Amino acid sequence: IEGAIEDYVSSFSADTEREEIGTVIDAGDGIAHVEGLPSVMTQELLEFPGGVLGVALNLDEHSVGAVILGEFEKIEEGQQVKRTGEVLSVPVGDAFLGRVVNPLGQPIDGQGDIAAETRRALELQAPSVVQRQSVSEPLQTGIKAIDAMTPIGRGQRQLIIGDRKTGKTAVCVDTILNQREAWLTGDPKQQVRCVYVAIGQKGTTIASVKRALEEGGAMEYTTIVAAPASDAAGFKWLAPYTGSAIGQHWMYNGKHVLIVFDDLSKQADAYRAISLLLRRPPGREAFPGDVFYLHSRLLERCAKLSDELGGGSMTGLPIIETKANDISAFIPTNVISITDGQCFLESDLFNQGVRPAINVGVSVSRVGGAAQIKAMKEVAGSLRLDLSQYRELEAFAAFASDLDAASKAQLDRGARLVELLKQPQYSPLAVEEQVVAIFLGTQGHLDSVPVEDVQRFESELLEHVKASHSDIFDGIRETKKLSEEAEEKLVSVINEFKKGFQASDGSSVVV
Amino acid sequence: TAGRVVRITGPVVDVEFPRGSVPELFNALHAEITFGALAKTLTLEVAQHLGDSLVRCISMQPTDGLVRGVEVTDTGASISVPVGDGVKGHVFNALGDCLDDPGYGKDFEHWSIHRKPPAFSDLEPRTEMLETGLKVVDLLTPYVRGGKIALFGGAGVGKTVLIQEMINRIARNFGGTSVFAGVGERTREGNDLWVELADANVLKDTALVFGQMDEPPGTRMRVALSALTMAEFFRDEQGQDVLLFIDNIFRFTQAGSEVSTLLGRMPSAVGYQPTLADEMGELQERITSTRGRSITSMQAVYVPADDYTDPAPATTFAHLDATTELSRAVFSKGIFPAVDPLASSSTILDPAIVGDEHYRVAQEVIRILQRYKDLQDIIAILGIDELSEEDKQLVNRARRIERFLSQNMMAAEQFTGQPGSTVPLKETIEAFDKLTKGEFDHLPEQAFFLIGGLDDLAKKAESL
Amino acid sequence: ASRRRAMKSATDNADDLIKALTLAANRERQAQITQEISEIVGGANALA
Amino acid sequence: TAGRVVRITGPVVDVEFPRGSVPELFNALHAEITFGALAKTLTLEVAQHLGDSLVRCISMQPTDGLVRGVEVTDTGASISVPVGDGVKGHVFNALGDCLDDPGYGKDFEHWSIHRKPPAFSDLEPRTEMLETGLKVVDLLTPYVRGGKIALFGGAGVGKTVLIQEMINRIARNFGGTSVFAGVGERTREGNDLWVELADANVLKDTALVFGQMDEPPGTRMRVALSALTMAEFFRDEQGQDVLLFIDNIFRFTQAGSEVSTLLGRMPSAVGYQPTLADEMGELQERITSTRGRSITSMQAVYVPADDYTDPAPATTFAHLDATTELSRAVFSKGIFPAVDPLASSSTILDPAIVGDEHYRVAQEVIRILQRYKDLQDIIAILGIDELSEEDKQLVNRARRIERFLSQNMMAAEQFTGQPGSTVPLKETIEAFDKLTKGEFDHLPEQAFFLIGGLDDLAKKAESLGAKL
Amino acid sequence: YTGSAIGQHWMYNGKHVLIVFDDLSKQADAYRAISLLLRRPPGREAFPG
Amino acid sequence: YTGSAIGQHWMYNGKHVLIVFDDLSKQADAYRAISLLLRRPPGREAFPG
């Protein structure tokens, strides 16, 4: 490896050039005020001795306020600061798939250099209102609750909002894993490249997420942009924009991108820290007057481009951590306003065994049926009303005798459907399997099954079909609809399996 | 006589001018960002005179890439938007720039977006009803001509179809025009609305002004004034009746709060700008009827934490004349428009304004529907069998009434080929009087879906 | 019959209680935002 | 080349140096207080460069008696503490001075207390249960060997009793080194822990670093860094497993916020410093295991005013592998340890690691307790008779389960006067599986209060007149 | 205050005056706005002391 | 602090002391008043850091 350093030294060279310089006039808490640099731009990248990097955020006649992106303890009064003549930008290319990088695009996984196709500024404007087309292609998360009740289309921004330890990262990782089959298809119109931005997470949590993606083979098409908790507030503030820039490079080349921001609340905290350290006026919750602008400009770059621009898209999955399930807090309010739909995860549902703990009563997707395939649209049509009626009637659980036949049937169906939407972790379901399971639930084929068995039944039946009657899945996948003949064959298969099935209590599930 | 940038802090820019060249407050200034990647012309709005020939301005575009000392040109006037009939059918941003056709409208007449409301004398002392032609709206929640209507409704409730319907009715019945103001507009939703209005062939009757989510707070604060200026030109100069849509007005309030915070002003209660009432009043007082012509406004309102006492909704409702709530429940029934006749209300549903007959008929309809809603839970749990005979009769009558509040709308033709209907107010009053009295309970329920007046009811009954 | 009447009365009482409690909670929420801003801006002014 | 004191305001001192002699950030400076009663040597940590050759420093000792204009000397380096096997069995302060044997360790190798965390490429997730013998912890908040464990809770809920219990259960037989960092806690508790470790013979293997709540803010800021430096040396140089006990880590953040406004920083939400998350992130990210090098850290985190939404505990939550959350409500019921089973969490509580049966029993317990929590208000107002039959059965089961999650701990013998107990994990799983199935519904719930395993349950039921 | 002065001019000449303030909540809000723009420390509900 | 010092003199001489502070909230209020009058930057409830 001595040859490695020998190559750099034999290639290393420097040349003097007329440079504009400033001097650090003060420094503290990750901020540095530097005099001089008359021609420095706003957001220009500055270099301090020892290869330290800063961003000029606050320009006045006296000095420049600069956010130091790391190793701030090396900053010292009197040090010479050089301008780069460049705003923040990051490398972009296909080489970033399977790599972990910091918000500057520098690999942190220790796997060598990354070959950058080009460079992209972090603040390039989002596609205009005339450069887009309607979100009309499903982005299958593989999670039945989401794919049926709050479907996500390509180019949508679906917020995942909830308290800590409710499964938000689980849902996002399941989505990324579900993209595996689409990746293996090899067709760029079906492939989805994934960017996972980790802001303010401890490094071992990021390592665990990467391990989970490795297990499912997702790192072949996933890039991680990591700004762990030890990183400077500059990296935590910039990481979503780095991930967005990589995703945009793919999006503008006709590719489809799914970007997860885990989580934007930590980015908001980092930006608030920077703004307060720069003495900018604070507002509600001490946030600056442009935190909403921060998140809105970040999330408007997720779009579905028109065919004139290659038809690529980037889907955003921002994550927000609420406290005490207070969605009216400042940052949750802003991000809810920005996004197209919201998946609300709740601790009470989680502890009840409802996992993923999506509150389907309040979870919404403004794109809606436009982001579903025809089969899912058919089978999932009744789910909303069924579950709403079930929640209305659940107060009468012990009084089924007092309920007329219709109400008791509604209650039983609701229990079956609630069990149906439950899903184990790290188990994305293909769209055809989801369609078949929802069909089971909504066509009364789970009525004869005990509630506590529904899940197992579902799973077993799905394994049966895939083993012996895979033509149903084929048909559904290729045509994206459930044909009459396929539906009849599915009903016959379900009834035969019911013949074969045995409940936990032992009673037959036939008829 | 040109200024130069001295300080830059996010969207807030300080500019120094010579002694005799200090721009007036709210004047528009132009700076230049020349960095290749981010090159643009930056619009600044003078917010304060700091003294010593320094002005503090709000950048209408991101300041990323701006340099200290670059020239700043005073335009001599505030933000001015193009006006005239030419703005119809095109999409503009808060600064008047055409988005669907850059450079379009640059030669039109330009009006400053900062204008006073009509003089006290010029106002009409008498509140007038805006006969839309929709049965539910005309009967239960009549709209005030020149007044403000709050719109509440989730997704998939026909809100967009209702907006298209109102555009159609203002264009055809009153020979008027529409201005849509997207305050804090989602770019995807703005594109959707543009395409849908083009497909409905109502874009020609509408002027779209978008201040999008991903713009600094200044544009989101001024987009409402821009759209209102276009509407004011249509009213005062073209002598038209205008319909102005604002979605969302709360985002105008929130952008005002953000701008106030950026300028260092101390927040008022609950963190809103100290002049929240003043700003909302300046916006809303310009929407009124003057000299026989009116701007009527339908405004989407967001209520923070569902708290109607929150300062933002509390200030907004000081100016709202009617409320229209769109219900998932009504929509699921197939009743269009999915108006909630019980949650919705109008301030002019008083005998002194609409007359005693209209008031009595509307009150009877409301009473019947409220009683039916009370019985709904019994019907759901124990079934309709447990109901009394009088209860069953009332349930049937209420079902027929609630289904006769549906209407075949003009904007619904593109979905269901049937053309829309326009029921006269007196016809609706008499028809619902008869329905309440119990003169149609024998007819089948299906006969009451999506029809106009009594003639259509008779024809649909015969067809069954 | 009297149980039906009593449970109707109790449900209405719970409605009134929930309304009053929600009003109190919204007042407390607004007051908390105002007090947080008061402390933040007081500190900021002291620093200035 | 020496500086002089310009401004003194509590724990923050401004020092002016000659041009070109300005000390680097975090350097240790020395000043003299000569007043006889309070004569001492102040150690000041350079916190900011103010420009014009002034630095703002945080004093590590009280500044009473300090005088403007006194000479200030720059050590040229950060605060450094002794490292090596010698520190074991001895008590130090944040500055590295030995308290039990003053002057001890002065000749040891010294490490700066400011350090970058391990590189991301060196981090490996840890998934291996650390059995404690506490039923609730082992069932619902399984601890991770080499992972990060926290004990959250408000004042006086049992954080320190549980820390001492975990010392007894884990460090008593640990094959590696233990570091106990007392961050801003009671001096009486520190003396009690010192005596207890000496009696248990665990002191020989433990290094104690104390900065008490009576110390100025700077000492409470830096004591955690000092203890963490000792632990980092043991991890990276000696290559042996390390136990790191911190009590209370919230005091680091509190001390940081005590000087934030005196340092010139505009306050953030809830009165905290704007840099809360960043400072916490640096400190916490230093407290980790790296590939092949284990640090099992256990932190007590104080929840201000029982408000779990407070920014300090909320920010801390992201740094932990397992979190035992103690509740005031559980405490006031007399249930000890006052663990909130519905609010605690463990990253290894999944079928893949702990196994199907453990996960199943834990989920069933949590579901039953959640349903009971939902029914509490109904039982309080309308009474238990108005519940459905299955709901009544579930309520009885849940009351028995919540009592059985209680346990008599050894560290609690001083309070209850009752000796502690240790329950194997398999016994815990079997017992709670029996409970969730209703196999103990015939026993009075009082039989389940503050006992160990099923043998203790049978004994107590016999004492109360029941029998299983 | 303008209305009160106009009324007081009559009141002090032996006349009887009826003055209506519709409404003082909005005056209080306006005065709070003025005080906050003067940077006067606010009190309860952000109103000046 | 005066009471604590008086008690400490006895404590450091083999005596046993009991000291009652009635009450510390008033002392905290007085210290807050002192700090605000010295224009020290306030914290929660205007109390000093």
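We just call them A, B, C, D, E and F in the order they show up, numbering each chain from 1.
Keep in mind that, in the parts below, contacts are C-beta pairs under 8 Å (C-beta built on N, C-alpha and C of every residue); 3 or more make two chains touch, one makes a residue touch a chain.
A centroid comparison over C-alpha atoms places F as the chain most distant from chain B. The distance from the centre of chain E to the centre of chain F, each centre being the mean of the chain's C-alpha atoms, comes to 44 Å.
With each centre defined as the average position of its C-alpha atoms, the distance from chain D to chain E rounds to 56 Å. Between chain C and chain F, the centres computed from C-alpha atoms are 36 Å apart. In terms of their C-alpha centroids, the spacing between chain A and chain D amounts to 33 Å. Residues of chain C found to touch two or more other chains are 29, 33-34, 36-37, 39-44, 46-47.
Contacts with at least two other chains are made by residues 40-44 of chain F.
Annotation for chain D: residues touching 2 or more other chains are 261, 264-271.
Pairwise chain contacts present here: A-B, A-C, A-D, B-C, B-E, C-D, C-E, C-F, D-F [touch as defined]. Those residues of chain D lying in contact with chain A across their complex are 20, 22, 24-26, 47-51, 53, 56, 114, 116-121, 123-126, 148, 263-269, 274-278, 280-282, 284-286, 288-289, 308-309, 314-315, 317-319, 321, 342, 345, 347, 350, 363, 366-367, 369-371, 374, 388-391.
Per the touch definition, chain A reaches chain B in the complex via residues 38-44, 57-61, 87, 89, 121, 123-124, 126-130, 132-135, 155-156, 278, 280-284, 288-290, 292-293, 296-297, 299-301, 303-304, 328, 333, 337-338, 340, 364-366, 368, 385, 389, 392-393, 396, 402-404, 406-407. In the complex of the two chains, the chain A residues touching chain C come out as 279, 281-286, 328. The touching residues of chain B, counted against chain A in their complex, run 6-11, 14, 35, 37-38, 62-69, 91, 99-100, 154-156, 184, 186-192, 194-195, 210, 212-217, 251, 254, 257-265, 267, 271, 302, 304-305, 332, 380-383, 385.
The part of chain D that touches chain C in the complex is made up of residues 261, 264-271.
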